[PDB]
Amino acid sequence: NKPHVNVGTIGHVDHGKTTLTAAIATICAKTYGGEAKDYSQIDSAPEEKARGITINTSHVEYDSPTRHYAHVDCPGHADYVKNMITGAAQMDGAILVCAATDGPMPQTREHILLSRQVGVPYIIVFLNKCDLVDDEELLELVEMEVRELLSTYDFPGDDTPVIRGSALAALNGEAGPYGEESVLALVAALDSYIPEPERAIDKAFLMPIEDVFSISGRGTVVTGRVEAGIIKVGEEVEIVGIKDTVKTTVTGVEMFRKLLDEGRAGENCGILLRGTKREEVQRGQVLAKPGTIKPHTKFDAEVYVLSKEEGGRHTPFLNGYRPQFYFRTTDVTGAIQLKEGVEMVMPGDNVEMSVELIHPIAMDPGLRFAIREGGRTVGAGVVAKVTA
(Lines of atoms letter the chains of each structure in order from A and count residues from 1; the text may use other names and numbers.)
(Lines give C-alpha, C1' and ligand atoms only; values in the text may rest on other atoms or scores of the structure.)
Protein backbone atom coordinates (compact mmCIF):
# COMPACT_ATOMS: atom_id res chain seq x y z
CA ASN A 1 0.00 0.00 0.00
CA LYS A 2 1.52 3.26 -1.26
CA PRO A 3 0.21 6.67 -0.12
CA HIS A 4 -3.58 7.00 -0.28
CA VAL A 5 -4.76 10.58 -0.79
CA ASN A 6 -8.32 11.95 -0.62
CA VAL A 7 -9.09 14.70 -3.17
CA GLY A 8 -12.13 16.28 -4.83
CA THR A 9 -13.20 18.75 -7.51
CA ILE A 10 -14.77 22.02 -6.29
CA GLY A 11 -15.99 25.07 -8.20
CA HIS A 12 -18.96 26.81 -9.82
CA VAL A 13 -21.60 24.82 -11.72
CA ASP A 14 -20.87 24.10 -15.41
CA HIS A 15 -17.19 25.00 -15.05
CA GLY A 16 -16.13 21.41 -15.88
CA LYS A 17 -15.79 19.42 -12.66
CA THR A 18 -17.41 16.20 -13.84
CA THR A 19 -15.66 16.36 -17.24
CA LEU A 20 -12.29 16.83 -15.53
CA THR A 21 -12.98 14.01 -13.08
CA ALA A 22 -13.74 11.64 -15.96
CA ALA A 23 -10.66 12.84 -17.85
CA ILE A 24 -8.35 12.29 -14.86
CA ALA A 25 -9.65 8.79 -14.21
CA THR A 26 -9.50 7.75 -17.88
CA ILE A 27 -6.07 9.20 -18.59
CA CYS A 28 -4.49 7.79 -15.42
CA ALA A 29 -5.87 4.36 -16.27
CA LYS A 30 -4.47 4.55 -19.81
CA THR A 31 -1.12 5.89 -18.57
CA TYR A 32 -0.47 4.07 -15.29
CA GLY A 33 -3.07 1.30 -15.08
CA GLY A 34 -6.53 1.16 -13.55
CA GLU A 35 -10.15 1.51 -14.59
CA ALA A 36 -11.44 4.23 -16.92
CA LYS A 37 -14.62 6.19 -16.15
CA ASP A 38 -16.70 8.07 -18.70
CA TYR A 39 -18.69 11.27 -18.24
CA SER A 40 -22.08 9.57 -17.78
CA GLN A 41 -20.74 7.21 -15.09
CA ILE A 42 -19.58 10.16 -12.94
CA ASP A 43 -22.38 12.62 -13.69
CA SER A 44 -24.79 10.03 -12.22
CA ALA A 45 -23.76 10.19 -8.56
CA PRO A 46 -25.21 7.51 -6.27
CA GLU A 47 -27.06 8.36 -3.07
CA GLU A 48 -25.55 7.48 0.33
CA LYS A 49 -27.44 8.15 3.57
CA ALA A 50 -25.93 8.23 7.06
CA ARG A 51 -27.83 10.19 9.73
CA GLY A 52 -30.83 11.22 7.65
CA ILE A 53 -28.62 13.67 5.78
CA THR A 54 -28.64 12.68 2.11
CA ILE A 55 -25.57 13.48 -0.01
CA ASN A 56 -25.16 12.52 -3.67
CA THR A 57 -21.48 11.82 -4.33
CA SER A 58 -19.50 10.14 -7.10
CA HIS A 59 -16.34 8.29 -6.06
CA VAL A 60 -13.61 7.44 -8.55
CA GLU A 61 -10.17 5.92 -7.95
CA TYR A 62 -7.01 6.49 -9.98
CA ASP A 63 -3.28 5.87 -9.61
CA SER A 64 -0.27 8.14 -10.13
CA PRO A 65 3.24 6.60 -10.43
CA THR A 66 3.50 6.45 -6.62
CA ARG A 67 0.06 7.21 -5.11
CA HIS A 68 -3.46 5.99 -5.12
CA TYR A 69 -6.06 8.77 -5.13
CA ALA A 70 -9.65 8.69 -3.93
CA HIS A 71 -11.57 11.46 -5.68
CA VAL A 72 -15.06 12.86 -4.92
CA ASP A 73 -17.30 14.74 -7.36
CA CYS A 74 -20.75 16.12 -6.52
CA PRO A 75 -23.76 17.04 -8.70
CA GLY A 76 -25.38 19.87 -6.73
CA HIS A 77 -24.41 22.85 -4.62
CA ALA A 78 -26.02 21.43 -1.48
CA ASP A 79 -24.04 18.21 -1.95
CA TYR A 80 -20.71 20.05 -1.75
CA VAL A 81 -21.84 21.96 1.34
CA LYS A 82 -22.96 18.86 3.26
CA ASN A 83 -19.96 16.82 2.15
CA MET A 84 -17.43 19.39 3.34
CA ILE A 85 -19.09 20.39 6.63
CA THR A 86 -19.56 16.81 7.78
CA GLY A 87 -16.62 14.42 7.83
CA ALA A 88 -18.07 12.39 4.96
CA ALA A 89 -15.14 13.02 2.60
CA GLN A 90 -12.01 14.29 4.39
CA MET A 91 -10.15 15.92 1.51
CA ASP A 92 -6.38 16.10 1.78
CA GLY A 93 -6.52 18.50 -1.17
CA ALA A 94 -9.12 20.12 -3.41
CA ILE A 95 -8.99 20.68 -7.18
CA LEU A 96 -10.60 24.06 -7.82
CA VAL A 97 -11.97 24.00 -11.37
CA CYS A 98 -12.40 27.48 -12.82
CA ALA A 99 -13.55 28.30 -16.34
CA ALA A 100 -11.15 30.62 -18.15
CA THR A 101 -14.10 32.16 -20.04
CA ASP A 102 -16.28 33.34 -17.14
CA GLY A 103 -13.58 33.44 -14.47
CA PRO A 104 -14.37 33.14 -10.75
CA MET A 105 -18.10 33.05 -10.00
CA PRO A 106 -20.18 33.08 -6.78
CA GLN A 107 -19.84 29.33 -6.15
CA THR A 108 -16.09 29.58 -6.82
CA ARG A 109 -15.85 32.01 -3.91
CA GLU A 110 -18.23 30.02 -1.68
CA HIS A 111 -16.25 26.81 -2.22
CA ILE A 112 -12.94 28.51 -1.34
CA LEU A 113 -14.50 30.07 1.76
CA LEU A 114 -16.02 26.71 2.69
CA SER A 115 -12.63 25.04 2.19
CA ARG A 116 -11.11 27.59 4.56
CA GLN A 117 -13.90 27.14 7.13
CA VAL A 118 -13.82 23.33 7.15
CA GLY A 119 -10.00 23.10 7.05
CA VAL A 120 -9.18 21.89 3.52
CA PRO A 121 -5.38 21.99 3.76
CA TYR A 122 -4.40 22.61 0.10
CA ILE A 123 -6.03 23.74 -3.15
CA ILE A 124 -4.79 23.15 -6.72
CA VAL A 125 -6.40 25.05 -9.60
CA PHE A 126 -7.37 23.61 -12.97
CA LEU A 127 -8.07 26.60 -15.20
CA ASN A 128 -10.53 24.94 -17.57
CA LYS A 129 -11.99 25.61 -21.04
CA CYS A 130 -8.74 27.16 -22.24
CA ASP A 131 -9.69 25.85 -25.71
CA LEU A 132 -12.16 28.76 -25.81
CA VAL A 133 -9.62 31.54 -25.01
CA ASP A 134 -6.87 32.31 -27.53
CA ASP A 135 -5.58 35.52 -25.88
CA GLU A 136 -2.80 34.55 -23.47
CA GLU A 137 -3.03 37.91 -21.70
CA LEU A 138 -6.66 37.14 -20.83
CA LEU A 139 -5.60 33.74 -19.49
CA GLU A 140 -2.99 35.53 -17.38
CA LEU A 141 -5.61 37.98 -16.09
CA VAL A 142 -8.06 35.29 -15.00
CA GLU A 143 -5.22 33.30 -13.39
CA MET A 144 -4.24 36.38 -11.38
CA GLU A 145 -7.86 36.83 -10.29
CA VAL A 146 -8.04 33.21 -9.09
CA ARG A 147 -4.75 33.55 -7.19
CA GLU A 148 -5.91 36.75 -5.49
CA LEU A 149 -9.26 35.18 -4.61
CA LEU A 150 -7.35 32.31 -2.98
CA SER A 151 -5.19 34.72 -0.94
CA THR A 152 -8.32 36.59 0.15
CA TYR A 153 -9.20 33.41 2.11
CA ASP A 154 -5.65 32.83 3.45
CA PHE A 155 -4.64 30.18 0.89
CA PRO A 156 -1.11 30.78 -0.54
CA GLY A 157 -2.28 32.01 -3.93
CA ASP A 158 1.19 32.97 -5.11
CA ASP A 159 2.46 29.41 -4.58
CA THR A 160 -0.66 27.59 -5.77
CA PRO A 161 -0.21 25.35 -8.84
CA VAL A 162 -2.48 26.56 -11.64
CA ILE A 163 -2.78 24.10 -14.53
CA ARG A 164 -4.26 25.44 -17.76
CA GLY A 165 -6.17 22.99 -19.87
CA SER A 166 -9.36 21.76 -21.48
CA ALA A 167 -10.97 18.89 -19.60
CA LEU A 168 -13.18 18.27 -22.64
CA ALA A 169 -10.25 18.15 -25.08
CA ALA A 170 -8.46 15.73 -22.74
CA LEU A 171 -11.52 13.50 -22.36
CA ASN A 172 -12.01 13.53 -26.15
CA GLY A 173 -8.47 12.18 -26.65
CA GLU A 174 -6.86 15.38 -27.92
CA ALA A 175 -3.13 16.02 -27.79
CA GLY A 176 -1.44 19.42 -27.59
CA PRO A 177 -1.00 21.56 -24.48
CA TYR A 178 -4.63 21.62 -23.35
CA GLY A 179 -5.35 17.96 -24.06
CA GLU A 180 -4.11 14.87 -22.26
CA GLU A 181 -0.87 16.64 -21.25
CA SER A 182 -2.79 19.12 -19.08
CA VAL A 183 -4.51 16.37 -17.11
CA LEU A 184 -1.19 14.58 -16.63
CA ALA A 185 0.23 17.92 -15.45
CA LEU A 186 -2.58 18.18 -12.89
CA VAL A 187 -1.80 14.67 -11.65
CA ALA A 188 1.87 15.66 -11.35
CA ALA A 189 0.75 18.68 -9.28
CA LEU A 190 -1.23 16.41 -6.93
CA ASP A 191 1.89 14.29 -6.44
CA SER A 192 4.22 17.25 -5.84
CA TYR A 193 2.03 19.77 -4.02
CA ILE A 194 -0.17 17.72 -1.65
CA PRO A 195 1.77 15.95 1.14
CA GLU A 196 0.68 12.63 2.57
CA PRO A 197 -1.59 13.26 5.59
CA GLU A 198 0.00 12.71 8.98
CA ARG A 199 -0.82 9.31 10.46
CA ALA A 200 -3.07 9.28 13.53
CA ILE A 201 -0.43 7.23 15.38
CA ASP A 202 2.07 10.10 14.96
CA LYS A 203 -0.14 12.83 16.48
CA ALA A 204 -0.40 13.83 20.12
CA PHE A 205 -2.30 11.37 22.28
CA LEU A 206 -6.06 11.95 22.52
CA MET A 207 -8.77 9.65 23.86
CA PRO A 208 -12.39 10.81 24.33
CA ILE A 209 -13.89 9.33 27.48
CA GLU A 210 -17.03 7.31 26.76
CA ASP A 211 -17.59 5.56 30.10
CA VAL A 212 -16.25 5.71 33.66
CA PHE A 213 -16.09 2.97 36.31
CA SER A 214 -15.15 2.64 39.97
CA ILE A 215 -13.84 -0.91 40.21
CA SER A 216 -13.50 -2.36 43.70
CA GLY A 217 -9.95 -3.54 44.28
CA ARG A 218 -8.56 -1.65 41.28
CA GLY A 219 -9.64 1.98 41.17
CA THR A 220 -10.99 4.36 38.55
CA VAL A 221 -11.05 3.27 34.89
CA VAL A 222 -12.15 5.23 31.83
CA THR A 223 -12.96 3.57 28.52
CA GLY A 224 -12.88 4.93 25.00
CA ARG A 225 -11.34 4.74 21.56
CA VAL A 226 -7.83 6.16 21.25
CA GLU A 227 -8.22 8.64 18.39
CA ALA A 228 -4.59 9.75 18.10
CA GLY A 229 -1.14 9.03 19.43
CA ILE A 230 0.10 6.55 21.99
CA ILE A 231 -0.23 6.48 25.79
CA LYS A 232 2.16 4.32 27.80
CA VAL A 233 1.69 3.08 31.36
CA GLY A 234 3.48 5.59 33.58
CA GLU A 235 2.96 8.66 31.40
CA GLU A 236 0.94 11.69 32.45
CA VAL A 237 -2.35 12.72 30.84
CA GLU A 238 -4.60 15.72 31.24
CA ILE A 239 -8.35 15.37 31.69
CA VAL A 240 -9.68 18.24 29.58
CA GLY A 241 -13.19 19.66 29.28
CA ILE A 242 -16.34 20.21 31.36
CA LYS A 243 -14.35 20.77 34.56
CA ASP A 244 -11.12 22.60 35.18
CA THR A 245 -8.22 20.73 33.61
CA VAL A 246 -6.46 18.22 35.87
CA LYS A 247 -3.44 16.02 35.31
CA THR A 248 -2.77 12.48 36.50
CA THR A 249 -0.74 9.37 35.63
CA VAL A 250 -1.83 6.31 33.64
CA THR A 251 -1.26 3.20 35.76
CA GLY A 252 -2.77 0.58 33.44
CA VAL A 253 -4.09 -0.10 29.93
CA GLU A 254 -6.22 -3.04 28.87
CA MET A 255 -8.57 -4.64 26.37
CA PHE A 256 -10.98 -7.47 27.10
CA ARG A 257 -8.90 -10.27 28.68
CA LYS A 258 -5.67 -8.56 27.58
CA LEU A 259 -3.47 -6.35 29.76
CA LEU A 260 -1.45 -3.88 27.69
CA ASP A 261 1.71 -1.81 28.06
CA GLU A 262 0.29 1.02 25.91
CA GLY A 263 -2.75 2.22 24.02
CA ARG A 264 -2.47 3.13 20.33
CA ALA A 265 -4.62 5.14 17.92
CA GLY A 266 -7.60 3.13 16.73
CA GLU A 267 -7.66 0.89 19.81
CA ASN A 268 -10.69 0.64 22.11
CA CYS A 269 -9.47 0.09 25.65
CA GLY A 270 -9.73 0.90 29.34
CA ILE A 271 -7.31 3.23 31.13
CA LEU A 272 -6.61 3.07 34.88
CA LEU A 273 -5.90 6.49 36.40
CA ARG A 274 -3.94 7.09 39.61
CA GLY A 275 -5.44 9.01 42.53
CA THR A 276 -8.76 9.57 40.75
CA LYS A 277 -12.40 9.07 41.76
CA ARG A 278 -15.33 8.39 39.44
CA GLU A 279 -16.85 11.83 40.07
CA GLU A 280 -13.73 13.59 38.71
CA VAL A 281 -13.89 11.87 35.31
CA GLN A 282 -16.92 12.00 33.07
CA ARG A 283 -18.17 11.34 29.57
CA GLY A 284 -17.46 14.24 27.24
CA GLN A 285 -14.05 14.88 28.77
CA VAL A 286 -10.93 13.70 26.95
CA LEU A 287 -7.59 12.27 27.97
CA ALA A 288 -4.75 14.03 26.22
CA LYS A 289 -1.01 14.49 26.27
CA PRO A 290 -0.50 17.47 28.62
CA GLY A 291 -0.59 20.84 26.91
CA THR A 292 -1.78 19.68 23.48
CA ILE A 293 -5.51 20.50 23.58
CA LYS A 294 -7.33 23.24 25.47
CA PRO A 295 -10.89 23.62 26.79
CA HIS A 296 -13.09 26.27 25.17
CA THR A 297 -16.59 27.63 25.64
CA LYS A 298 -16.46 30.12 22.73
CA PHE A 299 -15.84 29.30 19.07
CA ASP A 300 -16.91 30.18 15.54
CA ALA A 301 -18.34 27.48 13.32
CA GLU A 302 -19.63 26.68 9.86
CA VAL A 303 -23.00 24.94 10.19
CA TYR A 304 -25.32 23.12 7.80
CA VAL A 305 -28.92 23.24 9.02
CA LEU A 306 -30.84 20.08 8.11
CA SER A 307 -33.90 20.51 5.93
CA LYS A 308 -37.22 19.10 7.05
CA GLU A 309 -36.87 16.28 4.51
CA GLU A 310 -33.73 15.19 6.39
CA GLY A 311 -35.58 15.22 9.72
CA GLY A 312 -34.52 18.71 10.81
CA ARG A 313 -36.62 21.73 11.67
CA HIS A 314 -39.26 22.96 9.25
CA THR A 315 -39.13 26.47 10.79
CA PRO A 316 -36.24 28.95 10.91
CA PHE A 317 -34.37 29.45 14.13
CA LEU A 318 -33.53 32.90 15.43
CA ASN A 319 -30.42 34.58 16.73
CA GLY A 320 -30.00 33.56 20.37
CA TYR A 321 -31.15 29.97 19.72
CA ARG A 322 -29.89 27.69 22.53
CA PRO A 323 -29.77 24.07 21.28
CA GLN A 324 -27.40 21.31 22.38
CA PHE A 325 -24.01 20.82 20.73
CA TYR A 326 -23.01 17.16 20.58
CA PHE A 327 -19.22 16.95 20.84
CA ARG A 328 -17.77 13.42 20.48
CA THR A 329 -19.91 11.81 23.18
CA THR A 330 -22.21 14.29 24.94
CA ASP A 331 -24.58 17.24 24.53
CA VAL A 332 -23.60 20.69 25.82
CA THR A 333 -26.11 23.53 25.64
CA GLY A 334 -24.82 26.61 23.81
CA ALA A 335 -26.09 30.03 22.76
CA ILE A 336 -25.86 30.99 19.07
CA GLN A 337 -24.86 34.41 17.74
CA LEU A 338 -25.35 35.01 14.01
CA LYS A 339 -23.48 37.46 11.80
CA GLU A 340 -24.45 41.11 12.13
CA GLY A 341 -27.77 41.81 10.43
CA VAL A 342 -28.74 38.12 10.29
CA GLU A 343 -31.83 37.45 12.41
CA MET A 344 -32.87 33.92 11.35
CA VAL A 345 -31.53 30.82 9.58
CA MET A 346 -33.63 28.63 7.30
CA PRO A 347 -33.51 24.82 7.33
CA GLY A 348 -31.37 23.64 4.43
CA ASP A 349 -29.09 26.67 4.70
CA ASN A 350 -25.45 26.88 5.76
CA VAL A 351 -24.21 29.76 7.92
CA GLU A 352 -21.20 30.94 9.93
CA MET A 353 -22.06 31.43 13.62
CA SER A 354 -20.47 32.09 16.97
CA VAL A 355 -21.31 29.81 19.90
CA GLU A 356 -20.93 30.09 23.68
CA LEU A 357 -21.28 26.75 25.50
CA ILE A 358 -22.38 26.53 29.12
CA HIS A 359 -19.43 24.23 29.92
CA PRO A 360 -16.08 24.01 28.11
CA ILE A 361 -15.14 21.27 25.64
CA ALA A 362 -11.64 20.30 24.53
CA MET A 363 -11.47 21.46 20.92
CA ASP A 364 -9.27 22.57 18.02
CA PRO A 365 -10.43 23.95 14.66
CA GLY A 366 -11.78 21.12 12.52
CA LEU A 367 -13.68 19.31 15.27
CA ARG A 368 -17.08 18.29 13.95
CA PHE A 369 -20.26 18.41 15.99
CA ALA A 370 -24.00 17.91 15.71
CA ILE A 371 -26.65 20.42 16.76
CA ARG A 372 -29.63 18.79 18.43
CA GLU A 373 -32.89 19.67 20.12
CA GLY A 374 -34.84 17.01 21.99
CA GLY A 375 -32.20 14.52 20.94
CA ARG A 376 -33.08 15.09 17.25
CA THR A 377 -30.25 16.18 14.96
CA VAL A 378 -31.06 19.57 13.41
CA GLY A 379 -27.60 20.68 12.24
CA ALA A 380 -24.04 19.59 11.52
CA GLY A 381 -21.08 21.86 12.20
CA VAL A 382 -17.33 22.18 12.12
CA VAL A 383 -15.33 24.39 14.49
CA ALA A 384 -13.75 27.05 12.30
CA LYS A 385 -11.93 28.98 15.02
CA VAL A 386 -11.56 28.77 18.82
CA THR A 387 -12.30 32.09 20.50
CA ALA A 388 -9.69 33.31 22.95
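We number the residues from 1 along the sequence you see.
Legend entry - Selected stretch [higher average CA B-factor]: 210-218 or 164-172: Mean B over CA atoms: larger for 210-218.
Inset, instruction - Please work out which of 86-94 and 130-138 has the higher mean CA B-factor as recorded in the PDB entry. - result: Comparing 86-94 with 130-138, the higher average CA B-factor belongs to 86-94.
Inset, instruction - For the C-alpha B-factor as written in the entry, point me to the maximum among 328, 49, 322, 359. - result: Out of 328, 49, 322, 359, the record gives the largest C-alpha B-factor to 49.
Legend entry - Residue with maximal Cα B-factor (values as given in the PDB entry) among 268, 297, 182, 115: So the option with the highest C-alpha B-factor is 268.
Inset, instruction - Going by the recorded CA B-factors, say which third of the chain residue 388 sits in, lowest, middle or highest. - result: Ranked within chain, residue 388 CA B lands in the highest tercile.
Inset, instruction - State the tercile, meaning the lowest, middle or highest third, of residue 152 with respect to the CA B-factors recorded for its chain. - result: Highest third of the chain for residue 152's C-alpha B-factor.
Legend entry - CA B-factor placement of residue 261, once the chain's modelled residues are sorted into thirds: For residue 261, the deposited C-alpha B-factor lands in the highest third.
Legend entry - Within-chain third of residue 381 by Cα B-factor, per the entry: Ranked within chain, residue 381 CA B lands in the lowest tercile.
Inset, instruction - Give the position of residue 73 by CA B-factor within its chain, expressed as the lowest, middle or highest third. - result: Within its chain, residue 73 is a middle-third residue by C-alpha B-factor, going by the deposited values.
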